[PDB]
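Input: a single structure, listed below in structure tokens.
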Amino acid sequence: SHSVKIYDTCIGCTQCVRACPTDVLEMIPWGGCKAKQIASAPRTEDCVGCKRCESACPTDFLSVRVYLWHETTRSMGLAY
Amino acid sequence: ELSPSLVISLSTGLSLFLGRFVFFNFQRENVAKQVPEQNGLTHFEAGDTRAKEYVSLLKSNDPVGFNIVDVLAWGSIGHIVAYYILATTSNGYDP
Amino acid sequence: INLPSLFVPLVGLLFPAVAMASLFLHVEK
Amino acid sequence: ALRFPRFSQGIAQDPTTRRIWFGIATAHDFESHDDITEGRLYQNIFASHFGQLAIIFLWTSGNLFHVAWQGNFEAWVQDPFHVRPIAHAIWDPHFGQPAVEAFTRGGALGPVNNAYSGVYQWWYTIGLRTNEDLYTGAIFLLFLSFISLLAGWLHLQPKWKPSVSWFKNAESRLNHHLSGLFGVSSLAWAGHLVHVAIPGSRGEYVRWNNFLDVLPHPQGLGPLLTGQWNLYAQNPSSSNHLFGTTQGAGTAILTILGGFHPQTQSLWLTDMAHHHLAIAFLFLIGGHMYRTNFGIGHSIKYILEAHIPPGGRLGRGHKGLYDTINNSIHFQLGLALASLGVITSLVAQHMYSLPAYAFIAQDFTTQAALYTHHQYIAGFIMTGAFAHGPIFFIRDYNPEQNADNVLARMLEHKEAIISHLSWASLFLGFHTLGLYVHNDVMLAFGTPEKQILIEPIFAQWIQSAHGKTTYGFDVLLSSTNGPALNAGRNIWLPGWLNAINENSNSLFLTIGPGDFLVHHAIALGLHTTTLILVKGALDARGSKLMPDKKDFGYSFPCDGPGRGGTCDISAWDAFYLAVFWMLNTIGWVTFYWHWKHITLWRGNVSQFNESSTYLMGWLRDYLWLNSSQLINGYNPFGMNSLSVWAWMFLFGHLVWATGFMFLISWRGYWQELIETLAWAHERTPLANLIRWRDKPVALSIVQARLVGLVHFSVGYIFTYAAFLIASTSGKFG
Amino acid sequence: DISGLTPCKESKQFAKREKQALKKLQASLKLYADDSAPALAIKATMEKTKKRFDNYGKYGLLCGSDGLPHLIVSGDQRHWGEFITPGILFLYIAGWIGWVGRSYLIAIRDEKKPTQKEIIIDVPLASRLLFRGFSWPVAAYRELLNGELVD
Amino acid sequence: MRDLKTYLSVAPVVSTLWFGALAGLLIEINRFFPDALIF
Amino acid sequence: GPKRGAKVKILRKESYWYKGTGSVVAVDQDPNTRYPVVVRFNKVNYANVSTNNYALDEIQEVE
Amino acid sequence: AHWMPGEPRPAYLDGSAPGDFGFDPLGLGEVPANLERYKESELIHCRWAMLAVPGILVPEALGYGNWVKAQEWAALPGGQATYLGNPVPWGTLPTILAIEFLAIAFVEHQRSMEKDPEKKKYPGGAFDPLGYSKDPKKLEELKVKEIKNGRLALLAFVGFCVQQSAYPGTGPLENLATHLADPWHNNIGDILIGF
Ligand code: CLA
Ligand code: CLA
Ligand code: CLA
Ligand code: CLA
Ligand SMILES: CC1=C(/C=C/C(C)=C/C=C/C(C)=C/C=C/C=C(C)/C=C/C=C(C)/C=C/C2=C(C)CCCC2(C)C)C(C)(C)CCC1
Ligand SMILES: CC1=C(/C=C/C(C)=C/C=C/C(C)=C/C=C/C=C(C)/C=C/C=C(C)/C=C/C2=C(C)CCCC2(C)C)C(C)(C)CCC1
Ligand SMILES: CC1=C(C/C=C(\C)CCC[C@H](C)CCC[C@H](C)CCCC(C)C)C(=O)c2ccccc2C1=O
């Protein structure tokens with residue numbers, strides 16, 4: 001599977017979560033930012049690595065990062 | 001014509017004399033300032049078993065510590081200078 | 001010309017067949 | 001890993017075809033394999049080097065064996081001017097009768113290929129005379145091959161496995177390589193020239209069974225130890241000496257004559273012997289510099305650590321470089337490849353102008369082949385040097401341990417370096433293209449007198465200082481009253497000045513405006529290629545567009561369409577882009593060399609001198625002309641021995657364009673197409689019974705770039721090789 | 001002469017080129033009525049041609065074995081017009097352009113919307129900064145010594 | 001009218017007029033001082 | 001920390017405006033906020049963003 | 001007292017050193033250790049020049065020789081040298097080369113072993129039999145005199161070498177006489193703005 005990481009520069013705008021086409025990310029409670037929330041990646045086995053999340057992130061630099069790793073039938077987006 | 005034996009022996013003598021008396025302290029000092037090592041520890045501490053400094057061979061009962069190695073070194077310089085002089089004086093070069 | 005008629009088809013046809021079959025089985029295992 | 005590749009379970013768990021490809025493509029990148037350590041790394045590299053050596057020895061033995069078995073080496077040594085050297089016989093059952101008839105060249109009794117590697121001139125020059133010699137040498141090199149394989153296997157075994165510490169013993173390896181590998185080898189080769197080559201050229205058959213019974217010098221070994229070395233240079237070969245014969249032969253074994261042996265038009269064997277001897281001495285003396293196990297010698301770490309200029313304009317100087325080099329094999333490979341590339345180009349440049357092989361340089365196709373060969377090899381080697389450069393910067397470089405040294409400071413002002421390379425390339429491009437296009441327009445409008453033709457005053461001045469009298473600058477070696485001229489007037493200057501002013505050879509060819517222009521094209525090529533490579537190296541760790549690039553490695557597809565788009569952002573991609581510019585640059589240099597030399601050998605340098613000033617001239621008078629015979633290798637009327645090169649010419653064009661396919665069209669299109677094909681297969685009866693074990697997918701982005709570049713390069717090389725050989729050998733100058 | 005070249009006024013091939021050129025032009029001229037426009041055109045080409053060769057000869061140009069003017073850029077004082085002088089002129093004009101552009105970019109740097117005046121040129125401002133380039137060496141030299149050139 | 005002037009001051013129009021003027025200049029200069037290879 | 005409207009230099013290495021200057025908009029007083037210093041910049045980044053949050057050790061008040 | 005009136009002298013040059021006139025445009029003595037070494041080496045160059053200059057002029061006037069023609073006896077198979085007109089027996093290139101090498105190497109390396117920075121430039125002791133350095137103030141004054149005469153000697157040496165480059169084969173005194181011939185016609189002009 002691919003690897004997805006969240007860093008504490010996250011401001012919890014939730015943009016990345018609603019950008020993922022395979023339901024990989026989600027928002028969890030946190031106290032480090034005003035929005036009282038931070039991103040999380042509990043389902044990277046379904047991650048394809050399209051990087052829409054990274055394109056949705058406002059922070060500089062990114063608070064969500066996708067490191068393409070071991071390649072599986074799910075990550076290759078195969079339907080056969 | 002120059003005697004090869006006289007030139008070589010005199011040259012080697014001058015070199016060995018220079019190494020034994022006039023340049024000995026300086027050489028020993030600079031050597032004291034330098035020793036090969038990788039990541040802090042030496043090559044033998046790392047350690048390569050074939051990189052240990054020979055303690056036995058370097059031993060000498062000479063007053064200052066002039067050993068076989070220094071003899072080979074300054075001797076080498078001596079022979080080099082000698083054969084340089086010989087070969088040079090042998091040619092018929094004219095500028 | 002004698003040996004080439006033996007070695008050329010050997011290296012050009014037999015060898016790559018053996019090698020490709022072997023590598024195929026190896027990679028598929 | 002439970003399946004191929006065994007060195008990576010990450011790839012092994014791939015259900016697709018990718019698994020195979022990447023398996024093949026990462027097989028030699030030991031650092032990224034599973035459960036690897038520094039030890040396994042160095043040991044595998046060592047064994048791999050032994051393997052490479054074995055392959056080299058086997059290759060050479062193959063060449064020797066085939067020349068001896070199927071060639072005309074003896075017929076060649078009897079008449080080197082009028083015999084085409086046979087590389088090997090050919091047995092192709094696809095041949096028709098005209099093909100069989102056409103390819104029967106030389107004194108062969110069947111189809112053959114003519115060698116353009118120039119092994120004949122080499123082997124003949126060094127002392128080989130018969131097929132038997134070649135066979136024995138082949139057997140010996142085969143023996144060396146077996147020995148090398150045995151050594152790899154041996155040093156892989158637990159008893160003979162060297163430790164990492166041993167590999168990191170730099171001082172010892174430097175001492176031994178400088179004194180032994182460089183020194184002793186060169187001394188021993190001088191030994192071969194004195195004992196075998198020189199007597200062989202004088203008509204004396206000296207082999208193993210008698211070399212102890214023959215004196216290499218009339219009063220041998222005496223003068224060496226006596227210091228009367230001059231006696232070894234007493235009477236050199238005469239100016240009317242015939243190679244391989246006693247006629248005109250002298251007795252000297254070590255000289256500095258300079259120039260060429262008039263018959264063979266190559267360097268004197270005594271000159272080469274004296275050369276190898278001398279450099280052997282410099283190496284041997286220089287090989288006693290570093291400290292080992294004897295209490296004397298230098299410490300490289302201390303030397304580096306001491307070279308920091310007070311005032312701090314270079315920061316901490318070279319402090320810490322010893323470790324960061326000795327720990328990073330990639331840094332070492334970068335330095336190695338850089339130096340090797342430089343000296344490979346040096347080999348080309350010196351071998352075309354100062355040939356050392358008897359009756360080469362008369363062989364025009366061989367010379368062209370050699371130059372092009374070594375210049376392309378040099379190019380690739382250079383790009384590789386600059387490729388292992390940034391791999392170091394990513395995988396190995398430790399910022400903290402390199403604090404404020406020359407390397408860290410190098411990364412500091414990277415923008416300055418890159419921007420100035422950019423300026424240089426930009427300037428050279430604008431003005432060289434501009435001047436060319438100007439001249440072309442002038443030729444078009446029928447006014448070539450309005451051309452801007454800048455004379456290469458500087459290079460011509462250098463030539464004059466070297467003793468060429470065509471431009472009449474009268475400087476240094478061209479000035480009769482110059483102390484530099486008087487200094488060696490009675491040594492090498494006779495032969496040398498005789499050679500540099502003999503305008504039928506390639507020793508400092510005469511140059512005009514065309515040479516100026518194309519030289520600035522070459523400058524453009526070098527500067528631009530280094531722009532790509534250097535920029536790729538310095539931004540390998542990160543940039544403002546991707547500050548954490550180092551966390552992704554040397555090679556990755558991209559970083560995504562976000563932030564404006566990040567295609568070709570990896571250092572690997574920088575390399576990949578740089579390869580095109582290297583191919584272009586070497587293209588220009590080989591074009592230059594080949595055209596100038598073809599016009600030289602044809603007897604009309606005015607052709608080059610007038611036509612090279614405008615690009616229509618290169619296109620029409622170089623490319624279009626010299627393909628006449630090539631494209632006529634086969635036609636509706638018949639075929640000849642050039643059909644191979646025509647077929648290979650087209651082959652190259654085709655492969656090149658396929659390269660264009662992989663380079664222009666990208667992945668998604670093909671992936672979806674393949675999806676429709678997968679559906680197609682699962683819904684086709686009878687064929688349904690057959691199913692794949694590895695899911696079919698489109699090649700990866702990076703994989704696509706690599707395969708595309710490979711087709712491109714292969715097409716490039718093969719096309720130009722076919723043109724070179726066909727155009728040159730079709731007329732032989 | 002320099003680089004083994006021969007002066008164009010003394011070059012035979014130079015003259016032969018002029019000859020063949022003029023003769024080609026005349027060979028084309030033979031087909032047209034002398035008073036017609038094509039005739040006047042071709043004749044204008046002939047006069048321009050010979051004036052060109054004559055001027056090149058007069059300028060002290062050196063010709064190769066090709067019969068074409070080659071240029072000497074080593075700094076040789078007999079050929080400063082062959083690179084040095086037009087080079088100085090170029091540098092002057094280019095410096096002018098660059099300095100004016102720099103002035104314009106600096107002038108609008110401190111504004112509400114700077115990019116605006118980069119896509120829609122402030123012609124009054126541009127005309128004010130236009131002639132300042134005439135003294136660009138003096139202006140830049142002083143800014144160099146002052147520290148207003150770089151940051 | 002002010003808007004039209006603003007349009008005339010836009011980058012492509014400014015460039016067309018500027019390079020048009022330059023083209024005219026260089027053309028006339030090369031007509032009066034033709035075949036210049038020196039100076 | 002620095003005042004509102006204060007000109008600060010960026011010390012975060014991976015920032016688009018690294019080694020450059022921006023203006024302080026507001027500082028979060030919540031001590032749990034890891035990056036309180038809100039900064040706005042004259043030029044947008046590659047993501048068309050003109051504002052970013054930084055920590056106290058990532059800004060340097062200069063003039 | 002500085003070398004350029006009105007020009008501020010460097011921070012590390014207070015004028016407490018003999019010959020300290022605040023001349024260092026390139027700021028080479030900005031590093032103290034380097035500056036000390038430069039003092040030593042300047043004195044060495046000075047003393048060598050002060051020995052060289054009269055050794056160039058004297059044998060040209062008296063010995064009717066030339067400091068450049070006195071070099072030419074070597075570089076040829078003959079290799080015979082003369083001193084005060086008298087041909088020296090051991091005066092051959094290799095011999096005097098070996099002697100010079102050994103002697104100068106010994107004395108220079110012996111100078112190299114000194115650690116005290118003040119004695120590395122002002123050794124004294126055996127090198128001061130007249131004890132002219134016993135009085136501190138007189139030592140300082142004589143130091144200033146030494147560095148000044150030395151620098152002037154260096155400048156003279158530069159003069160000799162450049163004048164030799166311009167007029168090869170002719171000595172400095174010969175050039176002085178040539179200048180005395182037509183001072184308004186025989187000058188550096190013929191070399192600078194000539195011809
Ligand atoms: C490089 C090695 C190599 C060699 C030695 C050959 C040899 C041959 N090929 Mg070629 N071929 C090759 C590679 C090679 N090919 C490649 C890479 C391609 C694709 C570019 C081709 C495409 C090709 C085509 C389209 C044709 C050939 C043909 C031929 C035959 C020449 C025509 C003829 O008159 O023979 C006389 C041939 C016969 C009298 C019949 C041959 C019967 C064979 C020998 C029986 C072998 C049986 C045995 C089980 C084979 C198993 C081998 C396997 C286990 C390794 C000859 C045997 C022609 C051919 O095959 O004719 C039938 C032909 O039409 N080849
Ligand atoms: C001293 C020689 C040398 C050595 C020991 C290495 C070693 C290495 N290189 Mg380096 N490099 C070198 C020179 C060298 N290189 C040169 C000359 C270049 C310029 C081309 C490069 C450019 C380069 C790049 C861009 C990369 C490396 C990488 C590597 C590492 C992995 C190699 C691998 O597994 O490939 C696997 C082997 C293959 C994929 C097969 C290679 C065959 C190629 C594709 C051409 C084949 C076409 C064929 C000839 C066509 C047939 C023609 C016929 C049909 C007519 C390994 C450490 C890689 C790395 O790991 O970096 C971190 C990497 O990405 N190298
Ligand atoms: C023949 C095709 C071609 C040409 C002309 C170029 C030209 C250039 N490439 Mg290269 N490139 C090419 C193919 C080509 N490339 C290929 C196949 C690849 C592999 C992908 C690359 C990959 C590559 C890389 C990685 C890099 C370059 C760079 C460059 C620039 C190098 C600096 C220079 O010489 O400036 C001189 C300028 C030119 C030669 C361009 C011509 C400008 C014209 C003559 C001026 C305008 C004329 C006229 C007024 C226009 C009227 C048009 C009208 C519609 C208005 C130069 C613009 C480098 C770069 O950008 O450095 C700054 C760089 O890093 N290229
Ligand atoms: C000149 C180089 C070249 C070649 C050979 C191809 C070939 C192909 N392209 Mg194209 N392509 C190219 C340039 C090229 N392209 C470029 C520059 C671009 C960028 C615009 C593209 C973009 C592109 C697109 C968008 C598409 C293609 C498609 C295709 C395939 C069409 C189907 C077909 O005709 O198969 C037949 C194969 C050939 C005609 C190639 C030659 C076959 C040889 C002669 C057979 C040799 C025999 C044997 C295999 C030899 C083996 C020897 C070995 C074992 C030693 C075909 C493989 C299409 C596709 O995939 O449709 C199915 C498609 O949609 N390509
Ligand atoms: C005991 C004693 C003594 C004595 C001592 C002595 C005397 C010693 C000697 C020693 C010696 C006597 C040594 C020697 C050595 C030598 C050497 C070490 C050599 C080397 C060589 C070389 C290195 C060579 C090289 C070469 C070659 C081989 C070739 C040719 C050229 C050349 C030269 C390069 C005394 C009394 C003092 C005191 C105490 C006791
Ligand atoms: C990226 C990287 C890298 C790499 C780099 C490179 C690859 C580079 C290249 C480089 C190069 C490629 C260089 C070159 C150089 C060259 C030179 C430096 C030369 C010199 C020469 C000379 C010095 C000569 C002289 C002379 C003459 C001219 C004539 C006469 C003789 C004589 C000798 C005098 C490394 C790994 C490091 C690390 C970091 C990263
Ligand atoms: C044509 C094309 C394909 C389709 C190509 C495919 C699927 C490869 C099919 C190759 C067949 C299976 C074998 C071809 C024959 C080769 C010569 C086999 C060589 C094997 C080596 C080990 C020798 C892509 O997948 C692709 C992906 C990304 C960018 C561009 C492209 C692209 O251009």
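Labels for the structure tokens follow display order: chains A, B, ..., residues from 1 in each chain, ligands from 1.
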8 Å from ligand 5 is the threshold here; counting only C-alpha atoms and all ligand atoms, which polymer residues fall inside it? Answer as an NGL selection string.
(:B and (9 or 12-13 or 16 or 62 or 71-84)) or (:D and (224-225 or 281 or 285))
Practice item. Dump the neighbourhood of ligand 3 as a ChimeraX atom specification: all residues within 7 Å, distances computed on only C-alpha atoms and all ligand atoms. Key: /D:422-423,425-430,433-434,524,528,531-532,574,577-578,580-581
List as a PDB file with C-alpha atoms, in the first residue's frame the protein and nucleic acid residues near range 3-19 of chain C, meaning an atom at most 10 Å away when only C-alpha atoms are counted, but skip any in the same chain fewer than 5 places from it.
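Contents of the output file out08.pdb:
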```pdb
ATOM      1  CA  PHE C  24       9.586 -17.726 -17.264  1.00  0.00           C
ATOM      2  CA  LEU C  25       9.182 -20.574 -14.783  1.00  0.00           C
TER       3      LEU C  25
ATOM      4  CA  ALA D  89      33.007 -15.100 -40.281  1.00  0.00           C
ATOM      5  CA  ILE D  90      29.240 -14.976 -40.729  1.00  0.00           C
ATOM      6  CA  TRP D  91      26.800 -17.871 -40.987  1.00  0.00           C
ATOM      7  CA  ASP D  92      23.272 -16.578 -41.590  1.00  0.00           C
ATOM      8  CA  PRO D  93      20.855 -19.130 -43.122  1.00  0.00           C
TER       9      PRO D  93
END
```
Give the residues of chain A that lie within 9 Å of chain G; count only C-alpha atoms, and format the answer as a tab-separated table (two decimals) with N, CA and C atoms, in the first residue's frame.
```
chain	number	residue	atom	x	y	z
A	8	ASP	N	1.79	18.21	12.11
A	8	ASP	CA	1.09	19.06	13.07
A	8	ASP	C	0.86	20.51	12.62
A	9	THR	N	1.26	20.82	11.39
A	9	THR	CA	0.98	22.13	10.81
A	9	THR	C	-0.46	22.15	10.29
A	11	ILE	N	-4.33	22.50	9.97
A	11	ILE	CA	-5.27	23.48	10.51
A	11	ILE	C	-6.71	22.98	10.43
A	31	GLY	N	-6.18	19.50	19.70
A	31	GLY	CA	-6.13	20.80	20.36
A	31	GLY	C	-5.06	21.73	19.82
A	32	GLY	N	-4.30	21.26	18.84
A	32	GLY	CA	-3.18	22.03	18.32
A	32	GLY	C	-3.56	23.19	17.41
A	33	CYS	N	-4.79	23.20	16.92
A	33	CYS	CA	-5.25	24.27	16.04
A	33	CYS	C	-6.63	24.79	16.43
A	34	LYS	N	-6.96	25.98	15.94
A	34	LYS	CA	-8.22	26.65	16.27
A	34	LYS	C	-9.45	25.84	15.87
A	55	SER	N	-3.26	18.27	-3.20
A	55	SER	CA	-3.61	19.38	-4.05
A	55	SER	C	-4.69	20.23	-3.38
A	57	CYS	N	-4.69	20.69	0.06
A	57	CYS	CA	-4.14	21.23	1.31
A	57	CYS	C	-3.64	22.66	1.15
A	58	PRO	N	-4.04	23.55	2.07
A	58	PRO	CA	-3.70	24.98	2.03
A	58	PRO	C	-2.36	25.32	2.69
A	59	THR	N	-1.90	24.49	3.61
A	59	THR	CA	-0.73	24.81	4.42
A	59	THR	C	0.57	24.86	3.63
A	60	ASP	N	1.53	25.64	4.14
A	60	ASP	CA	2.84	25.77	3.52
A	60	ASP	C	3.93	25.48	4.56
A	61	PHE	N	4.60	24.34	4.45
A	61	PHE	CA	4.39	23.37	3.38
A	61	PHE	C	3.22	22.44	3.73
```
message: Could you list, as a ChimeraX atom specification, all protein and nucleic acid residues with an atom at most 7 Å from ligand 7, counting only C-alpha atoms and all ligand atoms?
response: /D:661-663,665-667,670-671,697-701,704
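The chain D residues that come within 9 Å of chain F are residues 450, 451 and 452 of chain D, with only C-alpha atoms taken into account.
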What separation in Å, quoted to one decimal, exists between CA of residue 52 in chain H and CA of residue 150 in chain H?
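Spanning CA of residue 52 in chain H to CA of residue 150 in chain H is a straight-line distance of 10.6 Å.
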Grab me every residue within 6 Å of ligand 6, counting only C-alpha atoms and all ligand atoms, and send it over as an MDAnalysis selection string. chainID D and resid 331 334:335 338 385:386 389:390 537
